[PDB]
Amino acid sequence: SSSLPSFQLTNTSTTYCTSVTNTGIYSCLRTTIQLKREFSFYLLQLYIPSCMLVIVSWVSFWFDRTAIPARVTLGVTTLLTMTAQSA
Amino acid sequence: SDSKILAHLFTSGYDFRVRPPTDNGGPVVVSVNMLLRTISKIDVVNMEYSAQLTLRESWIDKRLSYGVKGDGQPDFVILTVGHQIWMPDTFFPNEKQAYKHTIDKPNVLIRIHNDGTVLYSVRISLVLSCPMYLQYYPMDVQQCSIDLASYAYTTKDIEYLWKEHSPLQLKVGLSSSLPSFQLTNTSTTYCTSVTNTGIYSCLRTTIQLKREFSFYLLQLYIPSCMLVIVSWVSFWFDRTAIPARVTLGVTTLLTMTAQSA
Amino acid sequence: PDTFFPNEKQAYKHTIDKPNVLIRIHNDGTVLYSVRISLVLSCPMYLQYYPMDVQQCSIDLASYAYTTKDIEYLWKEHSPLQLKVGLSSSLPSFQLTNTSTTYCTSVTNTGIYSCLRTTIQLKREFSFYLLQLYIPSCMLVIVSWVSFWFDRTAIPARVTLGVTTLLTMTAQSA
Amino acid sequence: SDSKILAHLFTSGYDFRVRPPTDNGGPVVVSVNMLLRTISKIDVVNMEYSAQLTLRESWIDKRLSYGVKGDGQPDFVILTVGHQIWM
Amino acid sequence: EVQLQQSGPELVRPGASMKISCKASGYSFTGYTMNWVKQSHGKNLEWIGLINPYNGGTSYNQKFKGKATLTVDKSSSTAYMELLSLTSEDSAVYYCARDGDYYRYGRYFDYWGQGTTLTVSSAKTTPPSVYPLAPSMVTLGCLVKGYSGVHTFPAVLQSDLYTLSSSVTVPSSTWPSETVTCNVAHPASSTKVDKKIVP
Amino acid sequence: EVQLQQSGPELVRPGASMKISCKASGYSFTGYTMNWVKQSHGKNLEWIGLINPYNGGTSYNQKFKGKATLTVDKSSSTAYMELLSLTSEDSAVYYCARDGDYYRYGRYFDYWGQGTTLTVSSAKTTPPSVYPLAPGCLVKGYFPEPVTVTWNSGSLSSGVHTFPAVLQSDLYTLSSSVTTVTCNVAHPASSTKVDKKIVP
Amino acid sequence: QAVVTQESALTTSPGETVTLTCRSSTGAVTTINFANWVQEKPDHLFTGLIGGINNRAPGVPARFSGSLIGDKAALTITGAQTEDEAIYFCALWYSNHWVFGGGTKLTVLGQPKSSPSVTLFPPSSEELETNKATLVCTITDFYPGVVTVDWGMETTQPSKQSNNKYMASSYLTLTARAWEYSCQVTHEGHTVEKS
Amino acid sequence: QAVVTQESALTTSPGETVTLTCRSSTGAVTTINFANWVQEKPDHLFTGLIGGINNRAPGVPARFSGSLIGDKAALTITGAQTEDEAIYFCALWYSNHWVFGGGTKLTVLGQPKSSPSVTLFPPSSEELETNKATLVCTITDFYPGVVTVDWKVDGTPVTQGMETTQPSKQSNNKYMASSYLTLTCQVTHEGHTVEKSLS
Ligand SMILES: CC[C@H](C)[C@H]1O[C@]2(CC[C@@H]1C)C[C@@H]1C[C@@H](C/C=C(\C)[C@@H](O[C@H]3C[C@H](OC)[C@@H](O[C@H]4C[C@H](OC)[C@@H](O)[C@H](C)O4)[C@H](C)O3)[C@@H](C)/C=C/C=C3\CO[C@@H]4[C@H](O)C(C)=C[C@@H](C(=O)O1)[C@]34O)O2
Ligand SMILES: CC[C@H](C)[C@H]1O[C@]2(CC[C@@H]1C)C[C@@H]1C[C@@H](C/C=C(\C)[C@@H](O[C@H]3C[C@H](OC)[C@@H](O[C@H]4C[C@H](OC)[C@@H](O)[C@H](C)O4)[C@H](C)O3)[C@@H](C)/C=C/C=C3\CO[C@@H]4[C@H](O)C(C)=C[C@@H](C(=O)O1)[C@]34O)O2
Ligand SMILES: CC[C@H](C)[C@H]1O[C@]2(CC[C@@H]1C)C[C@@H]1C[C@@H](C/C=C(\C)[C@@H](O[C@H]3C[C@H](OC)[C@@H](O[C@H]4C[C@H](OC)[C@@H](O)[C@H](C)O4)[C@H](C)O3)[C@@H](C)/C=C/C=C3\CO[C@@H]4[C@H](O)C(C)=C[C@@H](C(=O)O1)[C@]34O)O2
Ligand SMILES: *[C@@H]1O[C@H](CO)[C@@H](O)[C@H](O)[C@H]1NC(C)=O
Ligand SMILES: *[C@@H]1O[C@H](CO)[C@@H](O)[C@H](O)[C@H]1NC(C)=O
Ligand SMILES: [Cl-]
């Protein structure tokens, strides 16, 4: 688990997968591990920064309606950045 | 002379499959020396590192003694091709990939001293797994290890021990081929363990790698301060020209994101 | 001679069709041995003057099992190191300025081993760094100056310039 | 001792190509143990993962029995190089 | 603090088999392998075998191969030891001793248990056979068999039974001029005998 | 400037063993391998062996295999040489000579030390027996060195030649010529200042 | 097979330096023997001291130290203490199992030494009638708690008294026909003997 | 085994070109002999000159040069200097060890040649009382400092019991030496010989 940083090996199972093929019936075992993806990374690199990005687009609701250049600059930069992040 | 001495040893009944005999039935004691040549490609994502070393094993095989006391004969005779000898079936438990060097003649050396003492030297390139801990990532220290142990022979047949004097040695041009880190400390230890197939003897060398800071100073810290400081120069623009302030504050914030990405 | 390359990290012999080797046994007992070998060697580099640096890479050759009493290497007396004519043309990024042929015999714990060492000196080509780094940065700094000619009243124009050129500067360095 | 026990087993007519005999003509039953050492490089794009394990197989081959009840001899003899065995 | 608490004392008849426990606490139970040591009156300490909690793996002293069976219950952090075909020779004190290293075999002992005393006997209650002993200050002896200066020594085990004596130094002028006697009681047998020490 | 300073002179009885040092300074100590050379009166220069400071590695002359043991202490930049089972034949001057190449064996000598003089003699502190040399003096059977000689209690100082001492009976012995007349000997190791007149 | 040998008992005063030794019968104690040292306080209290390569148990005082003096394993207590008085077992590792020694009884002096008061009792008539003869050699008032009985025999383990001078009893068992004698106690020097 | 041979001594004037040679007994000096040259000034001052393949020590003057003239190693001093007067040892490398030569005593002439003044003394009757006999043969005032001392007893040349000191610089820049004989004197210099005998 220490050499597996990105996931968490939650569960394992030991089963049979014997099958009938055209050349005959072959005996077969199957071990299965269950990997849960670690969330801390996606919290910090995806969710947090997107909220921080959406929240910025709101601070333009507090600029006077006369200074539209400021509003567009915000709304557009946050939208563009949003794109990049998703890419 | 040498060719004759070798002939004498193998003309009799000698079985390279049979473990060397002992006086008290004890295990064959294998002394180990290890020389690191280069430590490279320290992968943080897959948490592993590569390293090329020279393994050096030394045990006693009375069956191979020719000179005994000698003092009339050559101290040791070089083992030539075509002569089998029992050797510790050592492997590297934490090795994920491994190659022996065979350019031209294979890179090995086997000496059979008169008293029956055998020396074994071989170049080996390895790719070892090294679990890393990035809690202080920019300024961290990792500890990577190489484990060495027998595969088939248990604790009753074969026992590893680090050479008494300088068990681990480094080549002079190692730190120079390792630009990103600084090899601060090394240690030589035992990792013998009890498994379901038996109790196996095991050595473990450990190097300690300190991450070089100059890079992170210049590519991360400096430029971020320079970025935060820019967001401040908008405190000196008239409160009427907000377009200038937003342009600064937003560009520095966006850039901040990119940098972190 | 069980020669190997001490600083080789990877190595292959060429065996397409018949193996690429040649062995001659002259009448007097003199043996000639010729073999093609592809290598990947380690070459510690020093980037203090990175854009305009010179590195020196080497190939080390020595015996593995035989000590100084059994086998001794010596560079051929005349032209020990030769280069194929189409070498510099297959090396676009550097210029192979100088080569040297030396000895690196050393005393180890298993004995004293004879060793040769050839060294090539690589000078990094500048044309690339002139065009992709220096020129564009001057062109970038010079742009930040054209805002000194805009009226002090139109600050939006000045900030737009000064900030875009600064940001671009960052990207370029990255 | 061990070398002699091995010699005895293969001096007779033994064929590593021939499946081990059974009492009722049944199939050779192979018990399997599996030890995962490391699970790494979990590729989502190519949908595959790497893993290093220790396979452990165990079956009965009466032809190879030397000690039988034993209790005077070594419990097991390590198979040395140069001795073929049906696997 | 780490602690190894072993099961209480046990009394079992020959031919039977009992199992003693060693409950570990104060450390990651599965990280350290457990040894079992046998301390018998007849001999020194003997090493029975060891088990790796995490692994299930075991390794026995050739001597106890088939006499003892080491197991482990991860859930309860307990190590158990089975003892089969119990006999007279199995009557001893069994300790459990942890290995020193963390998730690896270090071949050195840390903490032991308080020990478990196992008594394997096939003899029923027997009355103490009292035999008097006798040769400034004269010392008199009293011998109990097959069951100032008051010195009762430890009790041996002769022929599957117990046996101890009893010294008693007194001024010679009080013997045989005065009746020296020694009381020998035995609650489990309900028998008290007297032996008059005579010259 | 590089310097190799070796330990002082030593006097030891046969059967014993002593160790001389060679403290290096003025260069990266671990980069150059050290040689040990033995210069004895009886023979020429002999090469004992060499040690690589960085490596620990050593290589001895078959002759001194077991007689000398080269070691090195990186911390103090010092090279040491053990000499076991000392005997008469071990009485010599031991130099240490650095190899020429930087982190590689060049097989050529750079700098030597001033040398260390080792004297192995089971001899007893003995005064000099002076005999007259007529047609010079003859300080004989004196140990340990040195011994000083004057003429006419110092007066006659012109044309006086005091020759090197020699080990002829395990005891040093030297003479001194000149061109009444008496020679004065003054052995400081036993406080012996005997004079012998020079008669026909 | 292989057998481990230790000093029967040793004596030392508070502050001094005592050394226990562990000897292998097959040969010299080497590193692959992983010489272990275990301490046993009264009431069956075992704890490890040294073992493995060159490691020690958690809490083992700095005065304890291991070494391979001569050709056997050693345990040196530099600056002995009162509490250091116990029984010390050393264990050697032979291939695949441990072999313990007899143990050394280290005594840290507290009371002046005392000679063993011995008394040898003959087999009474009741025993002779039984056809089994028993001898009793009672040992009282000695210190430290180390005595060696020398005459079928079976001596009991040293056990302190009310005056802190360990005591014990010896039993030489015979048959009435064999009956139809002397006990000597050697205690830290002289040898008290009676017939 | 293998032995290295050099000129006993050579002479040269300031500015001239002298050449020392080093000879191998096993055969011709090849490159794998790594012929080394060492200089020894008075008072035990050793320093390297040439060695290895074709490298030289730090500071070795340009006038010094190595070569393989004929079939032996050479050391040529082009433009000899006063200070160049010393003893030169050459060392050959044979497989795994060094073998030194006898050394060549190079003299840079800054003084007119001077024949040795040989005096032979008779063993004082004094020391004969010790039942021992010692002949002294003082040699003084010679240059260059390189003399051969050969003894003779009744025609036949002495083979045992002789010991001569190494020549040493005296006051007047000339050399001196002594030679002893052991019981119970001709001197070679620059070519000529000086004999002093006694009946
Ligand atoms: C707070 C978010 C809002 C949007 C604020 O965002 C900003 C400013 C605007 C808003 C006020 C910007 C934002 C940082 C935050 C400030 C946050 C911190 C200084 C740290 O985190 C806090 C909160 C965090 O818990 C959310 C908490 O962890 C706890 C609770 C968690 O469980 C909920 C649990 O899992 C965890 C184990 O323990 C922590 C201790 O402390 C710091 C860790 C945040 C770093 C953020 C980033 C680092 O690189 C990322 C990337 O390069 C990028 C593009 C944007 C960055 C960013 O997003 O920058 C980034 O994602 O403020
Ligand atoms: C000074 C920082 C502030 C924020 C200034 O930043 C700017 C302008 C605004 C501020 C005034 C911009 C900044 C450069 C600095 C000017 C800096 C230099 C010209 C050089 O460095 C100085 C300081 C440096 O010591 C901090 C010092 O090294 C010493 C001391 C150190 O110990 C503290 C020690 O380790 C070291 C070994 O020896 C050095 C000799 O000299 C130059 C080296 C800086 C280069 C910076 C960069 C190169 O590529 C980076 C990247 O492409 C990027 C995105 C931004 C660049 C940047 O960040 O550009 C960058 O990070 O000015
Ligand atoms: C002139 C520089 C200033 C800053 C001007 O820059 C700009 C506009 C603003 C300034 C006036 C922008 C700049 C181009 C220049 C115009 C340059 C050219 C049209 C060409 O080059 C000139 C000059 C050049 O000699 C400097 C000369 O080569 C000679 C002399 C050299 O020895 C000094 C010698 O080595 C050489 C062998 O023979 C050449 C024949 O002709 C053209 C070659 C330039 C291309 C530039 C670029 C191509 O991709 C680069 C990158 O994608 C980027 C990010 C920016 C580009 C740029 O930097 O664009 C870029 O680096 O003008
Ligand atoms: C693992 O356990 C989970 C528990 O919810 C269960 O759903 C699943 O069937 C198990 N299977 C595997 C492969 O681990
Ligand atoms: C190449 O050129 C110069 C000129 O002789 C020299 O200083 C340098 O050492 C040489 N480099 C190599 C690698 O041969
Ligand atoms: Cl913009």
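Residue numbers (the deposited numbering), protein chains in the order written: chain A, 175 to 261; chain B, 1 to 261; chain C, 88 to 261; chain D, 1 to 87; chain E, 1 to 135, 143 to 154, 170 to 221; chain F, 1 to 135, 148 to 191, 201 to 221; chain G, 1 to 151, 161 to 189, 194 to 208; chain H, 1 to 184, 196 to 210.
Just so it is clear, CB atoms sit at the ideal spot from N, CA and C, and this is done for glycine as well.
Residue side-chain check: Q142/C keeps its Cβ at 6 angstroms or more from all non-hydrogen atoms of ligand 5.
For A244/B, the chain C residues whose C-beta falls within less than 7 angstroms of its own C-beta are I242, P243 and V246, listed in chain order. The Cβ neighbour count for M34/F, taken over all protein chains shown within 10 Å, is at least 16; the residue is labelled buried. Interface residue (Cβ-Cβ distance to chain C less than 7 angstroms): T251/B is classified as such.
With respect to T188/B, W162/B sits close: the two C-beta atoms are nearer than 7 angstroms. Rounded to the nearest whole angstrom, the C-alpha separation of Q219/C and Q259/C is 9 angstroms.
Considered as a whole, the segment 133-163 of chain H harbours 133-142 and 147-150 as its complete beta strand (DSSP E) runs of no fewer than 3 residues, in chain order.
Within the same chain, and ignoring the five residues on either side of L9/B in sequence, the residues whose Cβ sits closer than 7 angstroms to its Cβ are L64 and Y66.
Proximity of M256/B to chain A, defined by a Cβ-Cβ separation below 7 angstroms, is not satisfied. Shown in chain order are the residues whose CB sits closer than 5 angstroms to a heavy atom of ligand 2: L218/B, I222/B, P223/B, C225/B, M226/B, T257/C and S260/C.
Residues of the same chain with a CB within less than 6 angstroms of the CB of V118/H, apart from the 5 flanking positions on each side, are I139, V198, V205 and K207 in chain order. Relative to the non-hydrogen atoms of ligand 4, the Cβ of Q182/A never comes closer than 6 angstroms to any of them.
With contacts defined by Cβ atoms closer than 7 angstroms, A123/F and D182/F form a contacting pair. Residue contact with chain F for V38/H: present (Cβ-Cβ distance below 7 angstroms to some residue of chain F). Distances between the C-beta of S187/A and the heavy atoms of ligand 4 include at least one below 6 angstroms. For the set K210/C, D238/C, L248/C and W232/C, the Cα lying nearest the Cα of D140/C is the one of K210/C. Within chain G, the residues whose beta carbon sits less than 7 angstroms from that of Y190/B are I53, listed in sequence order. Excluding the 5 residues flanking it on each side, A74/G has same chain C-beta neighbours closer than 6 angstroms at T19, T21 and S67, in chain order. Take the alpha-carbon of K63/F and the one of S77/F: they are about 27 angstroms apart. For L174/B, same chain residues with a beta-carbon under 8 angstroms away, outside a window of 5 residues either side, are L36, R37, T38, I39 and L183 in chain order. Annotation for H200/H: the continuous beta strand (DSSP E) segment containing it runs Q197 to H200. The C-beta separation of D147/B from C202/B comes to about 6 angstroms, placing the pair in contact by the 8 angstroms criterion.
For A149/C, the nearest beta carbon of chain B is not closer than 7 angstroms to its own beta carbon.
Of the heavy atoms belonging to ligand 4, none sits nearer than 6 angstroms to the Cβ of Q169/B. When only Cα atoms are considered, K41/H and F89/H end up about 11 angstroms apart. Listed in chain order, the positions of the segment 27-38 of chain F with a beta carbon within less than 8 angstroms of a beta carbon of chain B would be empty, since no residue qualifies. For a Cβ distance threshold of 7 angstroms, nothing in chain D lies close to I199/A: the least Cβ distance comes to about 11 angstroms. For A68/F, DSSP records a beta bridge to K65/F and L83/F.
In this structure, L128/B and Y49/B form a Cβ contact; the two beta carbons are roughly 6 angstroms apart against a cut-off of 8 angstroms. In this model, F29/F and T30/G are separated by some 36 angstroms (Cα to Cα). Residues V37, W112, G113 and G115 of the same chain have their beta carbon placed closer than 6 angstroms to that of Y95/F, with the five preceding and five following residues left out of the count. Residue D89/B holds the alpha-carbon nearest to the alpha-carbon of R19/B among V32/B, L178/B, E95/B and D89/B.
Apart from sequence neighbours up to five positions away, the residues of its chain that approach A28/H with a beta-carbon distance below 6 angstroms are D71, ordered along the chain.
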